[PDB]
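# Chain and residue survey
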Amino acid sequence: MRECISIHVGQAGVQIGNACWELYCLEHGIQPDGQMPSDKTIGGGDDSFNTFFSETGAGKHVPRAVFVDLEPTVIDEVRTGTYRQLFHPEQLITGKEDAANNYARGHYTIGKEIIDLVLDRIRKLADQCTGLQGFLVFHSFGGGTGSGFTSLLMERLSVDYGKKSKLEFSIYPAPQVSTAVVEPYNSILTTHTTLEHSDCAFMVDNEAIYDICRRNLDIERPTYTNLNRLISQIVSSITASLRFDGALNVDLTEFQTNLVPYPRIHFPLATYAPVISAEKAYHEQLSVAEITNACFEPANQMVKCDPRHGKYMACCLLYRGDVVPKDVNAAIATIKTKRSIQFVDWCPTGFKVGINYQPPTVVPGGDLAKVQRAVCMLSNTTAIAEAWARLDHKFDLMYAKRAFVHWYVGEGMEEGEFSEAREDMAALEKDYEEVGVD
Amino acid sequence: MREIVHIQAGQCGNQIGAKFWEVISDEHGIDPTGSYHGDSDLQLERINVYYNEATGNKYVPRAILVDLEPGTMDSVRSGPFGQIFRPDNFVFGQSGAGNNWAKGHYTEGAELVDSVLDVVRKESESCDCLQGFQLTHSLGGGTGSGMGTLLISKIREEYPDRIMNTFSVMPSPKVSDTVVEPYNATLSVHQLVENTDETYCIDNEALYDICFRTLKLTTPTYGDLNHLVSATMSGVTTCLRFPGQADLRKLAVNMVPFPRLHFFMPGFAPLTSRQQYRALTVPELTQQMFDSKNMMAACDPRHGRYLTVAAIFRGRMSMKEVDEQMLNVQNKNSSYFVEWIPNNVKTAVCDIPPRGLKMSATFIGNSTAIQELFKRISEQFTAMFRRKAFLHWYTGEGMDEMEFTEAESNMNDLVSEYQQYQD
Amino acid sequence: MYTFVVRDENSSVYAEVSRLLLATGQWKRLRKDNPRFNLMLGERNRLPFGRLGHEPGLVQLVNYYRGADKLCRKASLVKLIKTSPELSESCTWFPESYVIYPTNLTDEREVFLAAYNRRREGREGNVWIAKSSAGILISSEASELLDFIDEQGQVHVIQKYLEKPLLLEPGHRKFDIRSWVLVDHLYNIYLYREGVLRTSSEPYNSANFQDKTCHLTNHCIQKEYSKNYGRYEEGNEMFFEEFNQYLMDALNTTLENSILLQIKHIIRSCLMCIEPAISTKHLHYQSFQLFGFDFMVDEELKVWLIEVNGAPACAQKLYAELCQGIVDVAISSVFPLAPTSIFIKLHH
Amino acid sequence: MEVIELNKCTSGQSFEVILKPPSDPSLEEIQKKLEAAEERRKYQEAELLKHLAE
Ligand SMILES: Nc1nc2c(ncn2[C@@H]2O[C@H](COP(=O)(O)OP(=O)(O)OP(=O)(O)O)[C@@H](O)[C@H]2O)c(=O)[nH]1
Ligand SMILES: Nc1ncnc2c1ncn2[C@@H]1O[C@H](COP(=O)(O)OP(=O)(O)CP(=O)(O)O)[C@@H](O)[C@H]1O
Ligand SMILES: Nc1nc2c(ncn2[C@@H]2O[C@H](COP(=O)(O)OP(=O)(O)O)[C@@H](O)[C@H]2O)c(=O)[nH]1
Ligand SMILES: CN1CCN(C(=O)Nc2ccc(F)cc2)CC1
Ligand SMILES: CN1CCN(C(=O)Nc2ccc(F)cc2)CC1
Ligand SMILES: [Ca+2]
Ligand SMILES: [Ca+2]
Ligand SMILES: [Ca+2]
Ligand SMILES: [Mg+2]
Ligand SMILES: [Mg+2]
Ligand SMILES: [Mg+2]
């Protein structure tokens, strides 16, 4: 067993973390007070779930997580919520005034004064690890803390834990659930200084989750609770291989090996199904084929883009529930004859499959219905570069007028960091087109 | 725990400031004696943004009342909520400013500013994390205009990293009959341009036309003008006073793309005088809120372009239909929004409506059409200054003419600056 | 009030559609760099599809299908037909073609040479034609076709030159047929009832392929290098009503039976083949596109597909009607306004 | 259409199907970036206080 530490940064990073760990306890049968009656190795153990939970002599199962926010309102909730007892106070870190949606303020100004403290709280969790694998960092692109302090942490972690993998879960900004105008700036600033430090990052476009909630869950005005409950399901599907007995994606290193052939092209697309509303009278359960085919509908992807016009470098099917390999291959063969799935020449045309018999766990009182089988497809498509195109375009429109730039210069950032970061994104978009186009 | 220190200076500053505390006090369930008697926890969740908590569960506004003459402030202390303000926080002189910016900024005001700053320092020293300050004042008189800007320049020296936000009443020949007004306004605009982060332009010209044309008030009074300022001030601060998504610096980061262009056009719907029975539909809130007749800057937005816009809807209403109507105004008049600032229109919804309204809407616009406001003042200013008329009132207090030329140039540059982004 | 932008000032087709839309008082035009648009008349090259469909509350439509180049490229069309079981390498309406890359650079050189020697050995007509999307050569010697391609630096397609084309009389002259096909967002395949014949005003001469004027029916080669331009018909353009009467008086048949059936079959087969790849049925934005199909008719009244144009222009006499039809079924059908259709739906 | 590396266990199984074959800054350098940005803010605030002093 090898532990994984999660780091939740900013509002979106912390509220999503609160949704994942809620689900982790339900899937592993851990109670809100940290008790896990199923673990017969009281006081410890080297089981698969221990990769995410430490154990105390009292039998409490404590998440291996650190919550970081430059403002206390969002983490105070976790200090008085249902699972308040899961975390000890040292695990929750809060400042007093936030980054004001200003990347520079989060990276330079406020980040400088709190960087060495977060790293010291992390060291306290790593000391409890007999064999640390790496980190999963949750954050948003848009916020001043999620973008600005995260990149600062990623640079520091690479220095203090060189041989350790670092996966990201990043929230791509969507105007429909955002009131900040400068998020394109922040999104690009953080991707520039974090890119060399991230080994694999799963982007989630809030626009994608927002429509899945309105379309599949019949939620007129989706709240952050609606969004984070769904996002945690996808996260749970992606992290299941590290928390359960199995052979696919057993450790963080296996993600970059199976999904990232090129270091810079490390942004896999995620597709999840089925998403069924609990308010339905009663749904006709979908078959292995029906849900496998759904992984190629753009309406189920965590980012809207057309993989028919990109090329695949890797494809990974993660099933949960009543699923046997025979039906998987049957659905796959049917989809190849009907779908346009183009792999890059220097890659094999194949799929890695993972099957976990326990079907997806639903949160009581949530919006998702209990289903007999679900799947999450992880595909490294060059089609995800469409997200960088949109992001870079909005950046260019504003930067041509230097709109809002003075807010960043005022925090100590040089204007050159803008164009420096933008040139990098230009190189990223070129790297994608080199791979997926002829 | 993001506290705001409120300052109101001068006749207009205190009369409008007093109404503000009266209005929001009613929304947060605080009575004239500071005791809480509300029924919604949502009233107290962000109450400490503008109020302090005293023994016995008393809520005392975090407000400093400043004037150079006791006249107006005795009115406040004898007003409805007069007994709610902190007694010490009353700082006043005995000479007045005689509608003379110089007297407020250099002579009569300097004799008093240090004591006003001892109260500011006292109030800030009790804040866990101070957002910044907000000032209510007029620009046409002597105290709010002259001493108000002196307070800003000194506060900014003592709290250089805190946000400065002002509600500033622009003078109109339709409300005031004092000839020196353009002089006092031009001098003040020079200061605001340099030393404030956000300034709401409350044009008495617009307030007058609304009361006379729309509301049909034949003989508008300041009570009628300040009814519209109350509703607007309540509207623009809703994001700060109730649990929403909120921060003075965050508002600024999204409203102000260029440091000098921090003058907002406020708007409100429905415009009402002191007989609202019929429910106002969401489409009605949106049309009025964006129509010029509901603007409070006396600038036809169709003459300029919106750099950023922010809308606040209050009450229990279809949040889905709000998006529809809002996106309909943009996609039906996107020629009035700059295209080089994506998604520059943002909207929030609050569930607690103002008193006596099923639902209202507040409009916060950073429009380049605000230049018409500054052009108006500049025309009036230069008409007198080219003849050096009425300068002796000012040169007698130690000012030179060059100081007028500089304030004139700073404002005409501001107009030129607004005009370039409009193309 | 709908909105639209214009990003191809060179499109004579959508210049009229843009002029018509504005004439409805219900369509407002915005700057080309303006994102809040309902309809995009996009550029030809590098149209930014990745940016479409991400404006909250705006249903956006574009006049191009992403991936349609696979059908409108000389080399792409050849590859699509051979590698697609729907069409199959045995497709009987497409001239035997080969994708040849210049030797300064998969490639079908050795494969193209195999069938060539087969004909030369079988006393069969071995007159090919070399061309590219970017200069056309008609020769019955293979060495001339390959050397010509090597002298160029781009891909070339060599296909069998129809040595027995249907010659109109009088004139003993070649011709081709342009059919304008419109595909709406729902993927209905509509065929404009009106087509044109781009005839060669020069008598076809099977003993001189150097004089490519009686062989290449291009309106630009006829109005330039041809000296009988406009003699038999106006602008070397013959419409269906006349071409139909000719077949009745000369061959005792009609255009619908002898030619149009095959044409409507070729169109369906092509667009139906690439439908899984380009359909916008479940996409966050919608697409339509006007296509220009070019056919050859041989003496046996068999129809062949020459190429498929992605940004086709229209005959002068048919601009008004067709452009109006684009607004009825392709634009207004998605943004309705406050017949006897001119199209023929090819049900599938 | 070939399956390979079938792994079975109590909680599930995994396998691979192949359809077709193919064809940092130091701790010191970060401290300087942070302190350089801090100095620029000090210079900017100094010039502001100089302005206010005049
Ligand atoms: N999916 C999801 N997105 C969120 C959530 N909270 C915020 N966001 C998105 O994150 C972006 C804003 O960034 P925040 O995370 O709120 O900012 P921050 O990291 O707290 O940093 P500050 O600037 O100091 O507030 C917006 O685009 C929001 O849509 C959340 O709970 N779930
Ligand atoms: N296989 C073939 N057999 C006989 N003639 C052919 C032929 N291929 C092309 N042609 C001649 O060439 C002309 C079509 O050329 P082609 O379409 O390849 O060039 P182009 O694309 O520049 C013209 P367009 O404007 O229609 O796209 C026709 O008029 C036809 O007479
Ligand atoms: N809207 C509004 N404007 C006012 C009020 N009182 C004064 N004014 C305006 O403010 C200007 C006079 O400034 P005043 O506040 O009396 O000067 P001060 O007391 O020396 O600071 C004139 O333009 C008035 O029209 C008021 O109660 N409401
Ligand atoms: C409240 N004030 C009153 C004075 N004022 C004005 O009317 N100025 C003016 C000057 C010279 C001229 F010729 C015409 C007007 C501005 C508003
Ligand atoms: C001494 N003068 C008398 C006239 N005067 C007045 O009438 N004010 C006013 C207030 C509100 C309004 F709407 C219009 C005018 C200005 C002061
Ligand atoms: Ca145990
Ligand atoms: Ca690393
Ligand atoms: Ca004195
Ligand atoms: Mg935050
Ligand atoms: Mg007065
Ligand atoms: Mg062509």
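Residues numbered from 1 in each chain as written, not as in the entry; some residues may be left out. Chains lettered and ligands numbered in written order. Part of a larger assembly, values for the part shown. Heavy atoms only, no water.

Broken down by element type, chain C carries nine helices and 16 strands. Relative to the 2.2 N^0.38 estimate, which gives 20 Å for 348 residues, the radius of gyration of chain C is 21 Å and therefore close to what a compact globule would have. Oriented by its inertia axes, the alpha-carbon framework of chain C measures out at about 65 × 50 × 35 Å. For chain C, the accessible area works out to roughly 16,200 Å², and carbon and sulfur atoms hold 48% of it. (Helix = DSSP H or I, 4+ residues; strand = E, 2+ residues; numbered from the N terminus. Rg over C-alpha atoms; globule rule 2.2 N^0.38 Å. Areas by Shrake-Rupley, 256 points an atom, 1.4 Å probe, with all protein chains shown as cover.)

What follows is about the overall build of chain A. Within chain A, the regular secondary structure consists of 14 helices and 12 strands. A compact globule built from 438 residues should have a C-alpha radius of gyration of about 22 Å, and chain A, at 21 Å, falls within 12% of that. For the C-alpha atoms alone, the extent of chain A along its principal axes is close to 60 × 60 × 45 Å. Residues classed as buried in chain A amount to 65% of the 438 residues present. Intrachain contacts of chain A at a sequence separation of at least 6 include 81% that bridge at least 24 residues. Looking at charge distribution, chain A has the averaged site of its 40 positive side-chain charges lying 3 Å from that of its 57 negative ones. (Buried < 20%, exposed > 50% of the residue type's maximum accessible area, 1.4 Å probe, protein only. Contact = heavy atoms within 4.5 Å. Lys, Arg positive; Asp, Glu negative; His and termini not counted. Charge placed at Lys NZ, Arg CZ, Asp CG, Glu CD.)

Another aspect to go through is the interface of chain B and chain D. Each partner contributes residues to the interface: chain B has four residues there, and chain D has four residues. Area buried by chain B at its contact with chain D is led by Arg 156, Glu 157 and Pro 160 of chain B, which between them contribute 77% of it. For the interface between chain B and chain D, the tally reads zero salt bridges. (Buried area = accessible area lost by both parts, 1.4 Å probe. Salt bridge = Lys/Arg side-chain N within 4 Å of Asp/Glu carboxyl O.)

With that settled, consider the site of ligand 5. Residue and element names in this part refer to chain B. Close to ligand 5 lie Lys 174, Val 175, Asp 177, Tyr 208, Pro 220, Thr 221, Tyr 222 and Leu 225. One nitrogen or oxygen atom from the side chain of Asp 177 is found 2.9 Å from a nitrogen atom belonging to ligand 5. By residue class, the composition of the shell around ligand 5 is five nonpolar, one polar and two charged. (Near = heavy atom within 4 Å. Polar contact = N/O pair within 3.5 Å; in protein donor to acceptor, adjacent residues only side chain to side chain. Nonpolar A, V, L, I, M, F, W, Y, C, P; charged D, E, K, R; others polar.)

The full count for this structure, using the stated rule, is 76 salt bridges over all chains. With a shortest N-O distance of 3.5 Å, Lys 112 of chain A and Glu 113 of chain A are connected by a salt bridge. Overall, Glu 113 of chain A belongs to the exposed group, its relative accessible area being 60%. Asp 161 of chain B is the partner of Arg 162 of chain B in a salt bridge, and the nearest nitrogen-oxygen pair spans 3.3 Å. Given a relative accessible area of 13%, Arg 162 of chain B falls into the buried group.

Take the five pairs of chains in contact: the one carrying the most contacts is chains A and D. These two, chain C and chain D, are apart from each other, with no contact and a minimum C-alpha gap of 12 Å.

Attention shifts here to the interface of chain D and chain A. The interface of chain D with chain A comprises 33 residues on the first partner and 40 residues on the second. Taking both sides of the interface into account, the surface hidden between chain D and chain A amounts to around 3,000 Å²; carbon and sulfur atoms contribute 59%. Ranking the residues of chain D by area buried against chain A places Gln 13, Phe 15 and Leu 34 of chain D at the top, with a combined share of 20%. Linking chain D to chain A there are two salt bridges. The salt bridge involving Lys 352 of chain A is made with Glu 16 of chain D; its shortest N-O contact spans 3.0 Å. For the pair chain D and chain A, the interface holds 14 residue pairs in polar contact. Contributing elements (two or more residues each) for the side of chain D that touches chain A: β1 (2–9), β2 (12–20) and α1 (27–53) of chain D. A per-element tally of the side of chain D that touches chain A places α1 of chain D first, with 11 residues. Partitioned by chemical class, the residues of the side of chain D that touches chain A number 15 nonpolar, 10 polar and eight charged.

All right, on to the UniProt feature "binding site: GTP" in chain A then. Residues and elements named next belong to chain A. Those places that UniProt annotates as "binding site: GTP" correspond, in this numbering, to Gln 11, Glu 71, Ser 140, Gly 144, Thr 145, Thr 179, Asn 206 and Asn 228. Take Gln 11: it is sitting in helix α1 (residues 10–28). Judged by its relative accessible area of 36%, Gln 11 falls in the partly exposed class. What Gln 11 contacts, discounting residues up to four positions off in sequence, is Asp 69, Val 74 and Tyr 224. Excluding its chain neighbours within four sequence positions, the residues that come into contact with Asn 206 are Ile 171, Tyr 172, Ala 174, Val 177, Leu 227 and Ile 231. (UniProt positions renumbered as here; feature names shortened; annotations may be inferred.)

Attention now moves to the sheet that holds β1 of chain D. Read from one edge to the other, the open sheet built from six strands follows the order β9(A)-β12(A)-β10(A)-β11(A)-β2(D)-β1(D), with strand pairing classed as mixed. Only two strands of the sheet have a single partner each, and these edge strands are β9 (269–273) of chain A together with β1 of chain D. Strand-to-strand twist in this sheet, taken as the mean axis angle between neighbours without regard to direction, amounts to 15°. Pairing of strand β10 (residues 312–321) of chain A with strand β12 (residues 373–381) of chain A involves eight bridges; the strand directions are antiparallel. Note that in β12 of chain A the partner of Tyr 319 of chain A across the bridge is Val 375 of chain A. Where helix α8 (residues 224–243) of chain A meets the sheet, it contacts β9, β10, β11 (349–356) and β12 of chain A, and its direction lies at approximately 90° from that of β10 of chain A. (Pairing = 2+ DSSP bridges. Axes fitted to C-alpha atoms, helices over the stretch in contact; angles between N-to-C directions.)

Right, let's talk about the sheet that holds strand β1 (residues 4–9) of chain A for a bit. Residues and elements named next belong to chain A. With respect to topology, six strands assemble into an open sheet ordered β5-β4-β1-β6-β7-β8, the strand pairing being parallel. The open sheet is flanked by β5 (92–94) and β8 (200–205), the only strands paired with a single partner. Sheet twist, expressed as the average angle between the axes of neighbouring strands with direction ignored, equals 15°. Here β1 pairs with strand β6 (residues 134–140) via five bridges, running parallel. Paired with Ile 7 across the strands is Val 137, a residue of β6. Here helix α7 (residues 206–216) sits on the sheet and contacts β7 (165–172) and β8; the angle it forms with β8, its principal contact strand, is near 50°.

With that out of the way, let us pick up the site of ligand 1. Around ligand 1, the structure places 23 residues, and the nearest of them are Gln 15, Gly 144, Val 177, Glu 183 and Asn 228 of chain A. Each of chains A and B places residues next to ligand 1. At 2.9 Å from an oxygen atom of ligand 1 is found a side-chain nitrogen or oxygen belonging to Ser 140 of chain A. Between ligand 1 and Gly 146 of chain A there is a distance of 2.8 Å, counted from an oxygen atom to a backbone nitrogen or oxygen.

Within the UniProt annotation, "binding site: Mg(2+)" is assigned to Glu 71 of chain A. With respect to the helices and strands, the residue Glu 71 of chain A is situated in the loop between β4 (65–69) and α2 (73–80). On the basis of relative accessibility, which here comes to 10%, the residue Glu 71 of chain A falls in the buried class. With near-sequence residues (within four places) excluded, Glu 71 of chain A lies in contact with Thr 94, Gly 95 and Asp 98 of chain A together with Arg 2 of chain B.

This part covers the nonpolar core. Counting residues in hydrophobic clusters, the biggest one holds 194 residues, and the most contacted among them are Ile 122, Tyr 185, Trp 388 and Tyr 408 of chain A together with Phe 313 and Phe 374 of chain B. What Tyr 408 of chain A contacts, discounting residues up to four positions off in sequence, is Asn 101, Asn 102, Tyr 103, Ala 104, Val 182, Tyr 185, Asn 186, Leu 189, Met 413 and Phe 418 of chain A. Residues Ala 65, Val 177, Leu 248 and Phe 255 of chain A belong to the second largest nonpolar core, which totals 60 residues. (Core = buried A, V, L, I, M, F, W, Y, C linked by side-chain atoms within 4.5 Å.)

Our next topic: helix α1 (residues 10–27) of chain B. Residue and element names in this part refer to chain B. Taking 1.5 Å of rise per residue, 18 residues should cover 26 Å, and α1 covers 26 Å from first to last C-alpha, within 8% of that figure. Residues of α1 that are buried include every one of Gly 10, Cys 12, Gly 13, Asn 14, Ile 16, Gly 17, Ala 18, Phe 20, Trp 21, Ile 24, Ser 25 and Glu 27, and no others. Positioned one or two residues after α1, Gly 29 has a phi angle of 65°, which is positive. (Expected span 1.5 Å × (residues − 1).)

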